[PDB]
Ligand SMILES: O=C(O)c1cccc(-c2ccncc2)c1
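There is one chain below, alone, in C-alpha cells, taken in the form solved without this ligand.
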C-alpha cells in the first residue's frame, strides 16, 4: 500500500525548498512518502538515466566491462572532472554526460526505444536527441516509477543479462559502512523547466532493503548537496540508518 507522512516536509522547508521523498520497504511491501501527489509527478530523469543507459550499453556490447576506458574527446568543458579519461565506474561517479551521449549514439534510436519499453521505464518516450533526450527531450518518469524500475534491477528481473545488471549495480555504489550500503544515482535537470535534482537508489541492510527516489526544487547549483542530505535525514528519522 502507501502511507503519507507529511512530517518529512520539514526537512525540505528547513532549507527553503520543496520536494518529495519516496521510500519502499521491500520486506513489508509498503511505501512511504511526504507528498503522494508529487510522488507520481513525472519529470525529466536527467543523469538518473545513466542507469538504464549503462544496462543497455553493457547488454549490447557498446561497453564491454567496467574497465574499458573512454578517452576524453579533448573538448574543455566547464565541469572539471569531465576533462579526463573515464571508465564506466568513474563515468557514473562524476555523471560524465559526454561519455553516455556517445553510448546513446552507438545504441541508436531503434534499440534505445525497444529497451525502455522492455524496462517499462517512465513514459517510454525518447523523442528528441538520441544523445540528449534524457536532458531536454520527451522522456518522463516519476519517483514511484523510479522505485519500480530499481526494484527490477535489484532482483535482476530486467530483460538484460544478469552480468549487465551486476556491473551497473557495482557502478551505483555510493556509500558503504558497517551499518548500510547505498547504491544510487543523482540527477540534475536544468535544460527544461522546472529545474529539479534527483537521487534514486536503495539502502541495503542485513535483512532488508529500502528503495528510495527523491526529487526537489533546484533553482541554482548551490543546493545540489541537499539531494543526499534531505534523503538521509528522512532515513535516520525512520530509523533505517543511524
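Positions refer to the first chain, counted from 1.
Although it is not shown, the form deposited with this ligand bound is what the next lines describe.
- The stretch that touches this ligand in the deposited bound form, counting heavy atoms within 4.5 Å, is 187-195, out of 51-59, 34-42, 64-72, 187-195.
- For the options 144, 95, 87, 165, the residue carrying a heavy atom within 4.5 angstroms of this ligand in the deposited bound form is 95.
- Under a 4.5 angstroms non-hydrogen atom cutoff, this ligand in the deposited bound form has residue 82 among its neighbouring residues.
- Proximity of residue 221 to this ligand in the deposited bound form falls within the 4.5 Å heavy atom cutoff.
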